[PDB]
6 protein chains.
Amino acid sequence: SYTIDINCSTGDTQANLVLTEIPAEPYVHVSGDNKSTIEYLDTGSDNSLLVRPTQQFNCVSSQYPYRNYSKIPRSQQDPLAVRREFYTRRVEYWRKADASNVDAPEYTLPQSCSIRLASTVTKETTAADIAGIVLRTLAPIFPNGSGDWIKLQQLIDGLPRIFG
Amino acid sequence: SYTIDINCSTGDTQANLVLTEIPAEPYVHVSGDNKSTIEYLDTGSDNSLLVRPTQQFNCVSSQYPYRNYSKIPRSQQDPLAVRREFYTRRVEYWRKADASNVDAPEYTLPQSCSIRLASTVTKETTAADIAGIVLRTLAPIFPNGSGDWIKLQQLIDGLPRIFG
Amino acid sequence: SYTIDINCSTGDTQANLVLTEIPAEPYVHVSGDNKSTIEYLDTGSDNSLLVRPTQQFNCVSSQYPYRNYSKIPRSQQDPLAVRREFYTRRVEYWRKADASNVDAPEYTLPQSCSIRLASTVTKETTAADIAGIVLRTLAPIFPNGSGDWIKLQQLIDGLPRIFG
Amino acid sequence: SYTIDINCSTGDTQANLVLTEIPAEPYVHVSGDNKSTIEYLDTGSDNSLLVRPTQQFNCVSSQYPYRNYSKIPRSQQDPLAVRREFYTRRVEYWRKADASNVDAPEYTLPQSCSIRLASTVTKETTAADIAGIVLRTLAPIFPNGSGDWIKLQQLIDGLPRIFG
Amino acid sequence: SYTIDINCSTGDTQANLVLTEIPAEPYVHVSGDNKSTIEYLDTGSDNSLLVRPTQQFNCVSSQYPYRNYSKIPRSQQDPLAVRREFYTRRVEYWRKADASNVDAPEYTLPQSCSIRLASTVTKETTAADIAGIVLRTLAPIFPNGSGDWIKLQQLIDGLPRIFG
Amino acid sequence: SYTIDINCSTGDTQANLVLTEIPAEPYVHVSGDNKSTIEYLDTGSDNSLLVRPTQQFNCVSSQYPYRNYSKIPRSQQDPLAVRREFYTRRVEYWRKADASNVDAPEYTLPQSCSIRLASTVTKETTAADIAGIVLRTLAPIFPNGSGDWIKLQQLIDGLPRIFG
């Protein structure tokens, strides 16, 4: 009868963050084919550059999920809890050029983004429960989802105070 | 006139990742400059815990955007390009209990999720362009958006090969 | 001709902190001397507990009102003035239980609050003047009096920055 | 289903203790850390004194709420419950002088007042519940609120028998 | 009856130094929100640069205002005097470019200016008295106020001898 | 043809800061080269003090105007730009006494104020443009010019937040 209550603040409003699909067919094994860490290459990239878009994924598990959480008493630590984490890092390499002037040089613009999710898990932790924390981390940066980029832009401007 | 090509593989289909808003009112500034990392406390949590949900936002910028990327020739480095980086880390503290049994203990379960993004930004780089990199990082894990959690389940199960 | 000016910042607005009366009839002397320190016990409490609500009062006075205030020069120390001080400490023990479930255990929740007022009194120091310092000590915690409890809630939550 | 009962004696009558607001705008951090203890200085005071009015705030919390309350048995100690505590200390320095006689010397009159609230909080402990203990601590000293100052005057006069 | 005589040379002539207002609405907290040192950012600046106009203000007070003034005898040092100082530093970043030729590069020109005012203050020191020393420091550089820039220009030319 | 944009927030309103001239005749060259700092003595002061009012002027120039500014890319550094800097420090020595009382002591009160300005100067930078930076540094402190002293009073009172 145990239930999991997120101890958060959640609103009534909802927004659509619109993801465009990324096909698996163009991706190729690079390192760690069988192992807990894998790195893929997107071969839908410019043949002739030295850099090409990669995305890696790796998973980690720990037996002691409360190791870094000392402000929690043992009397409240679930002794059946196990720590599951995963980590993705996508690097892509954009190309700026204009077809108008071929004299003008082509530049390579690197971009990288990484997400690390580390949950404690017991028998009542669900897939959607864990998905919720990613969506709540995203929510304050994209408060209208794909609609406007206002908070994102102010993060690019160097204005870290998002809630004030 | 220069255009930016995301050297990358995209698809035709699109999914909705449905974000639920997080109201800004309950968050309280706790620590940090703009020069340091800003930290907020979600005060809409169980007061009777000594751990409470926090999300933090840090962002930093550099005039040397190619410092980490080694295999990009100078002839391809945009001299006007700048490095813009931001980093968020949300820690929430879930609570498991059941109203069926006043005699059975309650446990607090820690969860953390962190997103870092470093874009090379030039004149033609738009806020939408930069949101694209986060959206493409997310898309392989949530290929149907909020619809299903199959690939996320794999990542938690310890299977890192999203693409196979 | 002498007037006393509080050297403070005060506003135009006012608010009602609404007190509910504490009947004297039930309290009983438990310890101390009727000269210096007295501890009353609220007999309006449960018989069956070893703890019962008690409020203590304690007065002292000194001919050396500037003893700890070293940074006031003698040219500005009023030689007629004299130090008066009182201290109250209320301890109440709350009782939590649900009448729906008599199997569910009852708990005792201790709560305690103390006020210490030390004034330097001179000929022109009045009752109302000395009340003013208690009122101005409270006003930061109760900016709207009984109207809301927001700043008090912040104090309990552990957020000491009340003036920002 | 659990309810919290104050184990106290309360009356039917109510009175307004009327607070005048303390503007936050003039206060300035002078010492401490923004985490535990902070001391603000009222810049709305005289430049020419080495002493200026200052109000300090200080919060602490503990996982052992029954540490000093030895006379409560473990069968009645709520294991979920946790100790929260705050402390405020306002020091203001009054200025006595008559404008009629500028030959007559001006004096500095120090006044100081401190409030310490330590509650054991549990899931059902509310903001208003914790405010109640401060209000019931005040009510013996201010039986009519701002209406008269008689009991406060007795305290200053040195007469600690407030309930008779 | 004490009066403050500036021990200076002052003329009969006066000039208008014409200040154009700087609105507070565009300015944003950066560091030290509550503390004695604050740094603001002018967000009416170019979004896309790495540098943006800031102005900081910080205040300092000292108990020993005669510390660095040894040529003054104790018999003439006001023992009630207190040292108050403040310091502002404004950095702005100009942009030179012509809309005629977009080939031509845009340059960023940094400019910085700082004012430090450190007064001894007694009960008879007035706001306008302290304002006077800033106006007298400015007076020889801008002897016709906003009218002509002759002495300013000769300071930019490296000709320090202003009175000869 | 290149134009200079002060990347900055300005307002429509203008105030007069009323400067009173300082006659050059009473000042006497005391120390310093053009290579050193020039120092003048205001000989229109009380001879019977061993301290007398002095104002000094130093100015220095460098071919490397971006040395202190780190986050400006070379692609945005004007190769023709030069750094012009000047620095003035006025010390006056006030005198407090009263003609009402020959028996009461006189005191001398030191005051100092210093302005430093370092502009990046290029072909298009005019003397007026450079005066602008001093005028905009002054304007937040004197938002109504010589009219009122409210913000200056705050700075002296120890409240650094001019903009809030």
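Residues numbered from 1 in each chain as written, not as in the entry; some residues may be left out. Chains lettered and ligands numbered in written order. Part of a larger assembly, values for the part shown. Heavy atoms only, no water.

- Determination of this PDB entry was carried out by X-ray crystallography to a resolution of 3.1000 Å, according to the record.

1. A closer look at the interface of chain B and chain A
By convention, interface size is frequently given as the accessible area that disappears when the constituent parts associate.
And then number 1: Tallying the contact residues gives 117 residues for chain B and 121 residues for chain A.
And then number 2: A combined buried area of about 11300 Å² lies between chain B and chain A, and 63% of that area is made up of carbon and sulfur atoms.
And then number 3: Looking at the side of chain B facing chain A, the largest losses of area belong to B:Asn7, B:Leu19 and B:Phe163, adding up to 8% of the total buried there.
And then number 4: Inspection of the chain B/chain A interface yields eight salt bridges.
And then number 5: Counting the contacts that link chain B with chain A gives 52 residue pairs in polar contact.
And then number 6: At 14 residues, the largest contribution of residues to the side of chain B that touches chain A is made by strand β7 (residues 107-121) of chain B.
And then number 7: Residue composition of the side of chain B that touches chain A, grouped by class: 60 nonpolar, 35 polar and 22 charged.
And then number 8: Here strand β2 (residues 14-20) of chain A pairs with strand β2 (residues 14-20) of chain B via seven bridges, running antiparallel. In the sheet register, A:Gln14 faces β2(B), and the bridge partner there is B:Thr20. (Contact = heavy atoms within 4.5 Å. Buried area = accessible area lost by both parts, 1.4 Å probe. Salt bridge = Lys/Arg side-chain N within 4 Å of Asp/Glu carboxyl O. Polar contact = N/O pair within 3.5 Å; in protein donor to acceptor, adjacent residues only side chain to side chain. Helix = DSSP H or I, 4+ residues; strand = E, 2+ residues; numbered from the N terminus. Nonpolar A, V, L, I, M, F, W, Y, C, P; charged D, E, K, R; others polar. Pairing = 2+ DSSP bridges.)

2. Some thoughts on the relation of the copies chain B and chain A
Note on the chain copies: they are related by a rotation about an axis and a translation along it.
And then number 1: Mapping chain B onto chain A leaves a residual RMSD of 0.8 Å; the transformation is a rotation of 180 degrees accompanied by 0.1 Å of translation along its axis. One copy is carried onto the other by what is essentially a two-fold rotation axis.
And then number 2: Most of the interface of chain B is mirrored in chain A, where 99% of its interface residues are also at the interface. (Least-squares fit on C-alpha atoms.)

3. Comments concerning the relation of the copies chain A and chain E
And then number 1: Mapping chain A onto chain E leaves a residual RMSD of 0.0 Å; the transformation is a rotation of 72 degrees accompanied by 0.0 Å of translation along its axis. What we have between these two chains is a five-fold relation. If distances are taken from each C-alpha of chain A to the rotation axis, the shortest is found for A:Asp103, at 12 Å.

4. Concerning the packing of helix α1 (residues 127-138) of chain C against helix α2 (residues 150-157) of chain D
And then number 1: Between α1(C) and α2(D), the least distance of the axes is 10 Å, while the angle of their chain directions is 95 degrees. Between α1(C) and α2(D), the angle is such that the two are roughly perpendicular. Where α1(C) approaches α2(D), its residues C:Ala127, C:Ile130 and C:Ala131 are matched on the opposing element by D:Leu152, D:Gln153 and D:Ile156.
And then number 2: Of the residues in the contact of α1(C) with α2(D), the class split is five nonpolar, one polar and no charged. (Axes fitted to C-alpha atoms, helices over the stretch in contact; angles between N-to-C directions. Parallel < 35°, antiparallel > 145°, perpendicular 65-115°, else oblique.)

5. Considerations on the pairing of strand β3 (residues 27-31) of chain A
The side chains of a regular strand alternate, first on one face of the sheet and then on the other.
And then number 1: In the sheet, β3(A) pairs with strand β4 (residues 37-42) of chain A via four bridges, with the strands oriented antiparallel. Directly across from A:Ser31, in β4(A), lies its bridge partner A:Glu39.

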